[PDB]
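Before any questions on how it binds or moves, here is one chain, the form deposited in one PDB entry, in structure tokens.
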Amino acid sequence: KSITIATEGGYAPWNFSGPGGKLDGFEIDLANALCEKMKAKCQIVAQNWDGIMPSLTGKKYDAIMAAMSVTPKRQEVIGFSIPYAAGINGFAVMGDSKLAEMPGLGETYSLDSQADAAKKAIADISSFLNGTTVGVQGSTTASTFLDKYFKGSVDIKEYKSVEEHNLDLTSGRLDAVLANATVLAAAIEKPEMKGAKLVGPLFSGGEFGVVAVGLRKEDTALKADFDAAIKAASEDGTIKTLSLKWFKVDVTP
């Protein structure tokens, strides 16, 4: 019994690599814990974000564990296991800038249960970010969110990876970036991002949704195995433990 799991490796603490390229993070530890429950040999591979879904359908590997949110558009092309996590997103800017004054600092809005307050916070941020350049990783729930609420207000610059937009924020090429808050909180702690800060509000639900294992639609048995393993790992505190270990928070839905 063997399962090849693809991750990106550019999204710490979910998935990243050590100095010599060894894949590590919450999803690597989770993949191994799930495969132990499934009684299967676990092979974790790296695949760039852009080609992660065509390589799954192309059978280069069997599953995706790369902090992939379940979205109706993705559900048209691939299948998903039951969720193991949920995404919370926010903006980061250079802490010195006037943009650090973004309203709603640290306030959290669920796009599902607080649609009225979230759309007001979004409207305030959009007006506040008028004429700025915002970096985002292309083909993400974050680029979808920016396209939906900030398009004619902000100049949206899309990047292949988080690392790429973060370097353009620190050089001053970008005014702000939008990404998963745990990813940004980890990134701004790195020496290269000295001076960067999380600002304004945090958003969950809606576009961001929940994170699950990406699988081919026809792999019903593999989905059934992952579903039983995630249920069992949620039930014995395994996922919560790994989340606290990596994120110092609980990302479980």
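Note that residue numbering follows the sequence shown and begins at 1.
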Exercise for review: Identify the stretch, either 172-180 or 67-75, whose C-alpha atoms have the larger mean B-factor according to the entry.
Suggested key: 67-75
Revision key, fill the gap. Of 86-94 and 108-116, the stretch with the higher mean C-alpha B-factor in the deposited entry is 108-116
Practice item. By the entry's C-alpha temperature factors, tell me which of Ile44, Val199, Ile188, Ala221 sits highest. Key: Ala221
**Study point:** Among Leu34, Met193, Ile52, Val213 - the residue whose C-alpha B-factor is largest in the record
**Key:** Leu34
Practice item. Just say lowest, middle or highest third for the CA B-factor of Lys157 relative to the other modelled residues in its chain. Key: middle
Check your understanding: If you rank every modelled residue in this chain by C-alpha B factor, which third holds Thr241: lowest, middle or highest?
Key -> highest
Review point. Among the modelled residues of its chain, does the C-alpha B-factor of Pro13 lie in the lowest, middle or highest third?
Key: middle
Check your understanding: According to the PDB entry, is the CA B factor of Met102 in the bottom, middle or top third of its chain, that is, lowest, middle or highest?
Key -> lowest
Revision key, fill the gap. Tertile call for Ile122 (CA temperature factor, within chain, third-based) is the middle
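Same protein, other form: the form deposited in another entry, not shown, and the subject of what follows.
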Review point. Are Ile44 and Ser113 on a single rigid part, or not, between the shown form and the other one?
Key: no
Study note, to complete from the structure: Working note: in the other form the C-alpha atoms of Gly20 and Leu169, off by 3 Å or more, come farther
Review point. Shorter or longer C-alpha distance for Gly10 and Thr141 in the other form, given it differs from this form by 3 Å or more?
Key: farther
